[PDB]
Amino acid sequence: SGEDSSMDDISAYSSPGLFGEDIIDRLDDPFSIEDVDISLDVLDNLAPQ
Amino acid sequence: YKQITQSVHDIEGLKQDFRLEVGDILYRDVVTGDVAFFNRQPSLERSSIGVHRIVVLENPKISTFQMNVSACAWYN
Amino acid sequence: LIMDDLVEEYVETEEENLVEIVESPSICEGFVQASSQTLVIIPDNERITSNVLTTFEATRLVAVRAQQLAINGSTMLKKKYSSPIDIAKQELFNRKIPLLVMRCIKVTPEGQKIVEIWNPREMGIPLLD
């Protein structure tokens with residue numbers, strides 16, 4: 001029935017916290033160090049002066 | 001690495017060898033004057049990897065790689 | 001029911017844009033071996049490469065000579081040096097190195113490896129000492 005919640009979509013319980021949660025973004029993250037082969041343990045070598 | 005046995009030998013088991021044979025391979029400690037590759041990531045320049053002469057710091061309380069401040073320009 | 005270790009589905013989007021007849025003989029299909037080459041050594045007077053060793057070539061010569069002196073050690077050097085690196089460097093400087101430098105100019109389709117053979121004992125040495 002309409003009142004029943006057993007078959008409710010549980011993805012709708014997580015309310016949208018951002019506007020465009022469904023639009024697909026194909027570009028790469030401008031802040032991701034993905035093409036920079038730097039060890040995660042020396043990430044402070046990138047720290048600002 | 002003894003050539004006659006074609007295998008690696010521990011130094012504590014070679015107390016009876018007196019000397020070393022020709023063709024033997026000895027893995028010795030790093031000493032002052034040895035060359036080392038110094039590298040800082042991200043390696044973006046041709047000088048990001050350079051070879052320095054090793055100066056061994058015998059102070060047991062020093063754990064850092066010490067370098068001249070004028071050498072920092074090679075590695076940014 | 002909650003799984004955390006997701007795998008992050010991976011997507012490729014930019015498609016590439018590269019720009020009788022019998023079953024198969026024993027020639028068209030197969031023959032991966034590649035035909036052998038003959039060494040066409042350019043005559044000494046027809047050589048066009050530099051008569052000076054590059055730092056790459058001199059470094060490779062010294063490294064090869066020192067590695068060979070690691071296992072060997074029969075040396076033509078006069079003065080005695082305690083390291084194979086110094087011995088090889090002095091051999092290059094004293095023009096006593098037993099190696100040659102081959103510069104492969106071109107590999108022809110017909111199966112010729114056209115090369116220039118250079119003697120490091122008649123070449124300019126750019127290394128330091």
# chains A, B, ... in the order shown; residues from 1 in each chain; ligands from 1

$ select_by_dssp --residues "stretch 1-74 of chain B" --states "strand (DSSP E)" --output "ChimeraX atom specification"
/B:35-39,49-53

$ select_by_dssp --residues "chain A" --states "helix (DSSP H, G or I)" --output "list in words"
residues 10, 11, 12, 40, 41, 42, 43, 44, 45 and 46 of chain A

$ write_last_selection --atoms "C-alpha atoms" --output "PDB file, in the first residue's frame"
ATOM      1  CA  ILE A  10      16.409   3.558   1.110  1.00  0.00           C
ATOM      2  CA  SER A  11      18.400   5.836  -1.198  1.00  0.00           C
ATOM      3  CA  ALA A  12      15.771   8.512  -0.487  1.00  0.00           C
ATOM      4  CA  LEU A  40      51.593   9.966   0.600  1.00  0.00           C
ATOM      5  CA  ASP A  41      54.158  10.087   3.426  1.00  0.00           C
ATOM      6  CA  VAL A  42      56.011  13.085   1.939  1.00  0.00           C
ATOM      7  CA  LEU A  43      52.884  15.152   1.299  1.00  0.00           C
ATOM      8  CA  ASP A  44      54.351  17.964   3.431  1.00  0.00           C
ATOM      9  CA  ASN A  45      56.902  18.553   0.673  1.00  0.00           C
ATOM     10  CA  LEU A  46      53.980  20.289  -1.070  1.00  0.00           C
TER      11      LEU A  46
END

$ closest_residue --among "A:27, A:33, A:18, A:7" --to "chain C" --atoms "only C-alpha atoms"
A:27

$ interface_residues --of "chain C" --to "chain A" --cutoff "10 Å" --atoms "only C-alpha atoms" --output "ChimeraX atom specification"
/C:11-13

$ write_last_selection --atoms "C-alpha atoms" --output "short mmCIF file (atom, residue, chain, number, x, y, z; two decimals), in the first residue's frame"
data_model
loop_
_atom_site.label_atom_id
_atom_site.label_comp_id
_atom_site.auth_asym_id
_atom_site.auth_seq_id
_atom_site.Cartn_x
_atom_site.Cartn_y
_atom_site.Cartn_z
CA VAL C 11 35.16 4.82 -17.37
CA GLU C 12 36.99 5.61 -20.60
CA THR C 13 35.22 8.20 -22.74
#

$ interface_residues --of "chain C" --to "chain B" --cutoff "9 Å" --atoms "only C-alpha atoms" --output "VMD selection string"
chain C and resid 70 to 72

$ write_last_selection --atoms "N, CA, C and O atoms" --output "PDB file, in the first residue's frame"
ATOM      1  N   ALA C  70      85.865  -5.864 -12.264  1.00  0.00           N
ATOM      2  CA  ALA C  70      85.355  -6.464 -11.037  1.00  0.00           C
ATOM      3  C   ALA C  70      85.511  -7.981 -11.056  1.00  0.00           C
ATOM      4  O   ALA C  70      85.952  -8.576 -10.067  1.00  0.00           O
ATOM      5  N   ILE C  71      85.187  -8.624 -12.174  1.00  0.00           N
ATOM      6  CA  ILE C  71      85.305 -10.078 -12.259  1.00  0.00           C
ATOM      7  C   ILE C  71      86.689 -10.497 -12.751  1.00  0.00           C
ATOM      8  O   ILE C  71      87.278 -11.446 -12.231  1.00  0.00           O
ATOM      9  N   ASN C  72      87.211  -9.797 -13.753  1.00  0.00           N
ATOM     10  CA  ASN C  72      88.597  -9.885 -14.197  1.00  0.00           C
ATOM     11  C   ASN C  72      89.440  -8.924 -13.373  1.00  0.00           C
ATOM     12  O   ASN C  72      89.129  -8.671 -12.207  1.00  0.00           O
TER      13      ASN C  72
END

$ residues_around --residues "residue C:120" --least-positions-apart "4" --cutoff "10 Å" --atoms "only C-alpha atoms" --output "ChimeraX atom specification"
/C:51-53,57-58,61,92-93,95-101,124-125

$ write_last_selection --atoms "C-alpha atoms" --output "mmCIF file, in the first residue's frame"
data_model
loop_
_atom_site.group_PDB
_atom_site.id
_atom_site.type_symbol
_atom_site.label_atom_id
_atom_site.label_comp_id
_atom_site.auth_asym_id
_atom_site.auth_seq_id
_atom_site.Cartn_x
_atom_site.Cartn_y
_atom_site.Cartn_z
ATOM 1 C CA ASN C 51 85.415 11.980 -33.101
ATOM 2 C CA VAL C 52 84.825 13.045 -29.476
ATOM 3 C CA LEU C 53 83.180 10.687 -27.011
ATOM 4 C CA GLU C 57 79.607 7.092 -24.246
ATOM 5 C CA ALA C 58 82.596 7.776 -21.989
ATOM 6 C CA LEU C 61 82.837 2.782 -21.418
ATOM 7 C CA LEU C 92 90.243 5.652 -20.719
ATOM 8 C CA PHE C 93 92.555 8.588 -19.963
ATOM 9 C CA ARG C 95 94.014 5.359 -24.066
ATOM 10 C CA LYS C 96 94.368 1.718 -23.020
ATOM 11 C CA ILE C 97 90.678 0.762 -22.831
ATOM 12 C CA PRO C 98 90.036 -2.548 -24.648
ATOM 13 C CA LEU C 99 86.512 -1.578 -25.711
ATOM 14 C CA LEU C 100 85.081 -0.130 -28.917
ATOM 15 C CA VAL C 101 82.091 2.142 -29.519
ATOM 16 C CA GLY C 124 88.424 13.009 -27.424
ATOM 17 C CA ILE C 125 87.639 12.355 -23.763
#

$ interface_residues --of "chain B" --to "chain A" --cutoff "10 Å" --atoms "only C-alpha atoms" --output "PyMOL selection string"
chain B and resi 40-44+76

$ residues_around --residues "residue B:53" --least-positions-apart "3" --cutoff "6 Å" --atoms "only C-alpha atoms" --output "PDB file with N, CA, C and O atoms, in the first residue's frame"
ATOM      1  N   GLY B  33      82.697   9.985   1.557  1.00  0.00           N
ATOM      2  CA  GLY B  33      83.245  10.010   0.223  1.00  0.00           C
ATOM      3  C   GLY B  33      82.483   9.171  -0.780  1.00  0.00           C
ATOM      4  O   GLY B  33      82.692   9.334  -1.988  1.00  0.00           O
ATOM      5  N   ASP B  34      81.617   8.278  -0.314  1.00  0.00           N
ATOM      6  CA  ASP B  34      80.750   7.530  -1.209  1.00  0.00           C
ATOM      7  C   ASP B  34      79.745   8.466  -1.868  1.00  0.00           C
ATOM      8  O   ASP B  34      79.368   9.500  -1.313  1.00  0.00           O
ATOM      9  N   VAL B  35      79.322   8.102  -3.061  1.00  0.00           N
ATOM     10  CA  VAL B  35      78.336   8.881  -3.797  1.00  0.00           C
ATOM     11  C   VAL B  35      76.947   8.365  -3.458  1.00  0.00           C
ATOM     12  O   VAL B  35      76.743   7.161  -3.269  1.00  0.00           O
TER      13      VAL B  35
END

$ decode --residues "stretch 5-32 of chain C" --atoms "N, CA, C and O atoms" --output "short mmCIF file (atom, residue, chain, number, x, y, z; two decimals), in the first residue's frame"
data_model
loop_
_atom_site.label_atom_id
_atom_site.label_comp_id
_atom_site.auth_asym_id
_atom_site.auth_seq_id
_atom_site.Cartn_x
_atom_site.Cartn_y
_atom_site.Cartn_z
N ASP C 5 34.23 -0.84 1.29
CA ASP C 5 35.29 -0.97 0.30
C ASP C 5 34.73 -1.01 -1.12
O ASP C 5 34.70 -2.08 -1.75
N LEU C 6 34.29 0.13 -1.64
CA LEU C 6 33.84 0.20 -3.02
C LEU C 6 35.03 0.28 -3.97
O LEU C 6 36.16 0.61 -3.58
N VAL C 7 34.78 -0.04 -5.23
CA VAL C 7 35.84 -0.17 -6.22
C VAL C 7 35.90 1.00 -7.20
O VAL C 7 36.84 1.05 -8.01
N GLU C 8 34.96 1.94 -7.15
CA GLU C 8 35.02 3.13 -7.99
C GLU C 8 35.05 2.80 -9.47
O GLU C 8 36.11 2.93 -10.11
N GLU C 9 33.93 2.31 -10.01
CA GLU C 9 33.79 2.00 -11.43
C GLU C 9 34.55 2.99 -12.31
O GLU C 9 34.48 4.20 -12.12
N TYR C 10 35.29 2.45 -13.28
CA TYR C 10 36.24 3.22 -14.08
C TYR C 10 35.72 3.33 -15.51
O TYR C 10 35.28 2.33 -16.09
N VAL C 11 35.76 4.53 -16.07
CA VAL C 11 35.16 4.82 -17.37
C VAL C 11 36.19 5.46 -18.29
O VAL C 11 36.93 6.36 -17.89
N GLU C 12 36.24 4.97 -19.53
CA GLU C 12 36.99 5.61 -20.60
C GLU C 12 35.99 6.21 -21.58
O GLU C 12 35.04 5.54 -21.99
N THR C 13 36.20 7.47 -21.95
CA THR C 13 35.22 8.20 -22.74
C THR C 13 35.74 8.71 -24.07
O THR C 13 34.99 8.76 -25.05
N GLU C 14 37.01 9.11 -24.15
CA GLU C 14 37.57 9.62 -25.39
C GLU C 14 37.95 8.44 -26.27
O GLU C 14 38.96 7.77 -26.03
N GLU C 15 37.15 8.18 -27.30
CA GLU C 15 37.44 7.09 -28.22
C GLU C 15 38.63 7.45 -29.10
O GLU C 15 38.83 8.61 -29.46
N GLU C 16 39.43 6.44 -29.44
CA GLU C 16 40.59 6.65 -30.30
C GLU C 16 40.15 6.84 -31.75
O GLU C 16 39.11 6.32 -32.18
N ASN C 17 40.95 7.58 -32.50
CA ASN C 17 40.67 7.91 -33.89
C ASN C 17 41.91 7.67 -34.75
O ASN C 17 42.34 8.53 -35.52
N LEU C 18 42.52 6.49 -34.59
CA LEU C 18 43.71 6.15 -35.35
C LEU C 18 43.44 6.20 -36.84
O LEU C 18 42.43 5.67 -37.32
N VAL C 19 44.34 6.84 -37.58
CA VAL C 19 44.19 6.97 -39.03
C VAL C 19 45.33 6.25 -39.74
O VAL C 19 46.46 6.74 -39.78
N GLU C 20 43.18 -13.11 -54.67
CA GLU C 20 42.66 -14.43 -54.31
C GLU C 20 42.31 -14.49 -52.83
O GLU C 20 41.18 -14.82 -52.47
N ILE C 21 43.30 -14.17 -52.00
CA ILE C 21 43.16 -14.12 -50.55
C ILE C 21 42.81 -15.50 -50.00
O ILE C 21 41.65 -15.91 -50.00
N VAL C 22 43.82 -16.22 -49.52
CA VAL C 22 43.65 -17.55 -48.99
C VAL C 22 43.73 -17.46 -47.47
O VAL C 22 43.97 -16.40 -46.90
N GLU C 23 43.52 -18.59 -46.79
CA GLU C 23 43.44 -18.63 -45.33
C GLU C 23 44.66 -18.00 -44.68
O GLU C 23 44.57 -16.95 -44.05
N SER C 24 45.82 -18.64 -44.85
CA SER C 24 47.10 -18.10 -44.41
C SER C 24 48.22 -19.00 -44.91
O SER C 24 48.12 -20.23 -44.83
N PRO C 25 49.30 -18.43 -45.44
CA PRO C 25 50.46 -19.26 -45.78
C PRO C 25 51.40 -19.38 -44.60
O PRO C 25 51.15 -18.80 -43.54
N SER C 26 52.49 -20.13 -44.77
CA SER C 26 53.51 -20.22 -43.74
C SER C 26 54.47 -19.04 -43.76
O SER C 26 55.52 -19.10 -43.12
N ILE C 27 54.13 -17.96 -44.47
CA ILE C 27 55.00 -16.80 -44.62
C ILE C 27 54.34 -15.53 -44.09
O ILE C 27 54.92 -14.82 -43.27
N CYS C 28 53.13 -15.22 -44.57
CA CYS C 28 52.44 -14.02 -44.10
C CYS C 28 52.06 -14.14 -42.64
O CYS C 28 52.34 -13.24 -41.83
N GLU C 29 51.43 -15.25 -42.27
CA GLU C 29 51.16 -15.56 -40.87
C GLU C 29 52.35 -16.35 -40.33
O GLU C 29 52.65 -17.44 -40.81
N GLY C 30 53.02 -15.79 -39.34
CA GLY C 30 54.22 -16.36 -38.78
C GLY C 30 55.43 -15.53 -39.14
O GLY C 30 55.34 -14.34 -39.45
N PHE C 31 56.59 -16.19 -39.11
CA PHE C 31 57.88 -15.54 -39.36
C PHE C 31 58.06 -14.32 -38.47
O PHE C 31 58.44 -13.23 -38.91
N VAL C 32 57.76 -14.51 -37.18
CA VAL C 32 58.00 -13.47 -36.19
C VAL C 32 59.48 -13.32 -35.86
O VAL C 32 59.86 -12.34 -35.20
#
